[PDB]
Protein chains: 2
Amino acid sequence: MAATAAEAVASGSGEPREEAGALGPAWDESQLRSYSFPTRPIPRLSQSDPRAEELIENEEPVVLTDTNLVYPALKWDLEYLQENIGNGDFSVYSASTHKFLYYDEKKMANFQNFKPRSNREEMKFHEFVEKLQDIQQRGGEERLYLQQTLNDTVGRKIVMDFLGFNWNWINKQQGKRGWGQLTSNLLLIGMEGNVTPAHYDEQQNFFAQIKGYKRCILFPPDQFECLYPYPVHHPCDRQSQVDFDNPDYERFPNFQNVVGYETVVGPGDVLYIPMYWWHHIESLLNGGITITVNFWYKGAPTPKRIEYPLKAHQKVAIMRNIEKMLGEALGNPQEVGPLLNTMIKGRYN
Amino acid sequence: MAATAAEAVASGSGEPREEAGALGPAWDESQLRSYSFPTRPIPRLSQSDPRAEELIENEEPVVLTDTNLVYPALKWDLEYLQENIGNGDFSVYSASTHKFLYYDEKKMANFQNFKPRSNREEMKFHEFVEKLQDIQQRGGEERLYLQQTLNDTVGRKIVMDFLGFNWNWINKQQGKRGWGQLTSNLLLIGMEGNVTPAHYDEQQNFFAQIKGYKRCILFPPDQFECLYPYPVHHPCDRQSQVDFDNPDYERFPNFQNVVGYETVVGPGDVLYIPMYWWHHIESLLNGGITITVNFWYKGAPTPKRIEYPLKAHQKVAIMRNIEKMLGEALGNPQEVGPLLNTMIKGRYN
Ligand SMILES: O=C(O)CC[C@@H](O)C(=O)O
Ligand SMILES: O=C(O)CC[C@@H](O)C(=O)O
Ligand SMILES: [Fe+2]
Ligand SMILES: [Fe+2]
């Protein structure tokens with residue numbers, strides 16, 4: 001039966017890997033949250049494996065196990081970073097829930113009836129370690145998540161490690177894919193259980209895991225109709241409106257047909273998250289703090305000639321463009337919805 | 001009660017006018033078809049009346065009773081035209097119903113599952129008079145409607161009358177409104193009872209009545225949501241999908257809120273039909289053949305600066321543009337609908 005076969009290939013992250021030296025299972029199923037949709041595993045390969053180069057070339061996710069991309073950072077931890085990252089400001093988000101929904105502050109002007117579930121708070125690294133230390137011993141329920149792009153104000157040793165990254169490998173990837181420039185490197189340090197809701201980015205991304213384990217659930221661009229992203233002008237643009245913990249099938253019927261690709265990444269693994277691919281990221285339950293550094297690259301330039309059929313991500317690009325134009329033409333983003341409905345009601349639906 | 005007051009101002013074409021010389025009522029209520037919506041009267045004024053100049057300036061319909069625009073043509077009739085219009089080809093549409101829905105043949109390629117309710121048949125004027133004579137005596141049910149733009153192949157006397165038109169008046173109108181060039185002059189000769197379904201044009205129009213009487217029902221551009229025009233790429237683009245004789249309130253709920261402006265025009269009257277205004281035109285029942293000549297003018301150029309709020313017709317222009325672009329981008333007009341739905345479902349509705 002194809003039914004049974006389907007219930008099998010939907011193995012998710014599969015059997016937990018064993019850490020060398022018989023140090024036991026990296027993690028166990030109970031550390032993963034439970035969702036209503038099925039998921040197939042993302043291929044875990046060697047960077048020397050042609051299949052991996054094949055997946056990246058075809059804009060498909062793949063976990064590279066031996067790139068040594070951020071090898072020098074694998075020694076990183078709270079103590080080390082505090083004594084070497086510098087005294088610059090670090091964006092720290094606090095929240096009353098395990099979900100850290102991303103919001104664009106420049107767009108909070110278009111929607112005043114919008115209040116974020118998490119607030120940003122700038123501070124020095126030692127302060128973050130402090131606020132965190134407080135909560136851990138105070139037994140608080142508050143959750144924190146540090147997300148700061150690595151700037152030119154970081155300490156000497158941190159700059160040293162940075163230089164030790166495997167630029168030879170990634171620079172060749174950048175070149176072979178025709179991608180644009182490296183736009184930034186985001187350092188992420190979250191508490192166990194933390195979750196970054198499903199969303200997509202308009203950048204190519206090499207997601208390098210350093211400390212702790214993270215479960216990454218991706219969805220191809222062609223599942224746009226099942227994930228219902230917020231309006232382009234809304235502050236939560238590119239994020240999914242669907243609450244994965246309590247799906248509202250009445251407002252989002254097609255979320256019942258969603259099928260993901262998941263995997264659990266650990267120290268040393270690099271996950272290629274293709275541009276426009278949706279991704280849900282959560283730090284395993286009771287797994288301790290997690291550390292990650294991403295590498296965002298501008299996508300390759302759109303080809304002078306346009307071949308048909310268009311790819312899923314090209315249609316997503318068109319929809320985004322329409323929403324943006326209409327917002328400018330109407331002189332007000334709030335009127336985008338009414339005009340769109342007027343356009344389709346009784347005409348295209 | 002505002003209810004009663006509303007039921008009063010909704011007088012439609014009002015009391016039938018009396019023809020000079022005590023020749024009786026021009027027409028009577030029983031010659032008008034019955035519809036499910038209410039209608040207020042269009043102002044019937046003198047071209048010297050400032051109020052008329054006011055309405056035209058504000059892009060609002062008005063019937064001018066004394067322009068003498070097509071004074072020389074008032075003598076026109078089948079016999080005269082046959083002996084003077086020439087031997088060029090005249091587009092003649094035949095149909096099994098009283099409704100002559102307009103269709104764009106260049107767009108019949110995008111929709112193959114579309115078959116017009118009326119067919120075009122080129123012929124010489126004398127042939128049209130023939131086919132018509134046949135039906136009238138044969139007691140046939142077939143209906144004909146001649147619609148041919150006046151070209152440079154018309155007879156001498158017809159050209160004479162043409163020259164006698166009141167160009168002094170209309171040329172000043174064209175100049176005062178900043179309108180573009182005169183694009184064409186359509187000659188319409190239909191059988192009693194004929195109907196041109198509700199639709200709008202992207203041209204300014206001076207509709208000059210010559211023979212017989214016509215009931216014209218207009219709807220302002222802001223009633224777009226109540227009239228459900230076909231998709232822009234469909235051959236019936238700009239026409240209403242709503243069957244005025246048997247409205248489908250299930251597919252077109254807002255047609256229940258539609259409110260029109262009507263009037264009955266006769267020999268000598270000129271009806272200004274502003275650009276984008278919907279219009280329904282029917283030749284009175286048992287009123288004999290009708291003759292009309294319109295004057296289509298390119299609208300004025302869009303102002304360099306755009307003031308807000310936009311006017312209803314500007315939003316209609318934006319919607320049309322979106323449909324067109326999307327059709328080009330997707331490489332196929334048939335995919336416009338699916339993409340639009342994907343865009344709004346669970347996001348803007
Ligand atoms: O690790 C996370 O919490 C999410 C990061 C992800 O959105 C990215 O683009 O790197
Ligand atoms: O007279 C008619 O049948 C309709 C003509 C009208 O659509 C016009 O644009 O002049
Ligand atoms: Fe992301
Ligand atoms: Fe028309």
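Per the deposition metadata, X-ray crystallography was the technique used to determine this entry, at a resolution of 2.15 Å.

**Student:** Can you explain the overall build of chain A? Please cite residues and give values.
**Tutor:** Helix and strand content of chain A: nine helices and 15 strands. Scaling as 2.2 N^0.38, a compact globule of 349 residues should have a C-alpha radius of gyration of about 20 Å, and chain A matches this with 21 Å. Taking the intrachain contacts of chain A between residues at least 6 apart in sequence as the baseline, contacts between residues at least 24 apart amount to 83%.

**Student:** Talk me through the coordination of the iron ion (ligand 3); I want residue IDs and the actual numbers.
**Tutor:** Residue and element names in this part refer to chain A. Surrounding the iron ion (ligand 3) are the protein donor atoms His 199 (NE2), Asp 201 (OD) and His 279 (NE2), which sit 2.1 to 2.3 Å from the metal. Considered as a linear motif, the donors of the iron ion (ligand 3) on their single chain read H-x1-D-x77-H. Like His 199, the residue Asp 201 is buried in the burial classification.

**Student:** If you had to explain the UniProt feature "binding site: substrate" in chain A to someone new, which residues and values would you point to?
**Tutor:** Residue and element names in this part refer to chain A. Within this structure's numbering, the places UniProt gives as "binding site: substrate" are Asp 152, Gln 181, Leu 182, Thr 183, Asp 201, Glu 202, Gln 203, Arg 238, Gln 239, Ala 300 and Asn 321. In terms of the greatest pairwise C-alpha distance, the residues named above, spread along 170 residues, do not form a single cluster, extending to 34.1 Å across. Checked against the element boundaries, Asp 152 lands in the loop between β6 (143–149) and α5 (156–163). Mapped onto the elements of the fold, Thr 183 is located in strand β7 (residues 182–184). On the basis of relative accessibility, which here comes to 34%, the residue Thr 183 falls in the partly exposed class. Leaving out residues up to four positions away in the same chain, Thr 183 has contacts with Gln 203, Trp 296, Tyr 297 and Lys 298.

**Student:** I'd love a proper account of the site of ligand 1, names of residues and values included.
**Tutor:** Residue and element names in this part refer to chain A. Near ligand 1, the surroundings consist of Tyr 145, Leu 188, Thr 196, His 199, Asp 201, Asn 205, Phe 207, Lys 214, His 279, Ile 281, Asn 294 and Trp 296. At a separation of 3.1 Å, an oxygen atom of ligand 1 approaches a polar side-chain atom of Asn 294. Protein chains shield 95% of the accessible area of ligand 1, which is 300 Å² for the free molecule. Those elements that place two or more of their residues in the shell around ligand 1 are β9 (195–199), β10 (204–211), β14 (278–283) and β15 (290–297). Tallied by class, the residues present in the shell around ligand 1 amount to five nonpolar, five polar and two charged.

**Student:** Before we move on, could you go through the interface of chain B and chain A and cite the residues and values that matter?
**Tutor:** Each side of the interface is counted separately: chain B has 37 residues, and chain A has 37 residues. When contributions to the side of chain B that touches chain A are tallied by element, the ones reaching two or more residues are α7 (224–227), α8 (312–329) and α9 (336–344) of chain B. When residues of the side of chain B that touches chain A are assigned to their parent elements, the largest contribution, nine residues, is made by α8(B). Taken together, the residues of the side of chain B that touches chain A break down into 22 nonpolar, seven polar and eight charged.

Criteria and thresholds
Residues numbered from 1 in each chain as written, not as in the entry; some residues may be left out. Chains lettered and ligands numbered in written order. Heavy atoms only, no water. Residues with missing side-chain atoms left out of burial classes, pairs and counts. Helix = DSSP H or I, 4+ residues; strand = E, 2+ residues; numbered from the N terminus. Rg over C-alpha atoms; globule rule 2.2 N^0.38 Å. Contact = heavy atoms within 4.5 Å. Donors = N, O, S within 2.8 Å, 3.2 Å for Na, K, Ca; no water. Buried < 20%, exposed > 50% of the residue type's maximum accessible area, 1.4 Å probe, protein only. UniProt positions renumbered as here; feature names shortened; annotations may be inferred. Near = heavy atom within 4 Å. Polar contact = N/O pair within 3.5 Å; in protein donor to acceptor, adjacent residues only side chain to side chain. Areas by Shrake-Rupley, 256 points an atom, 1.4 Å probe, with all protein chains shown as cover. Nonpolar A, V, L, I, M, F, W, Y, C, P; charged D, E, K, R; others polar.

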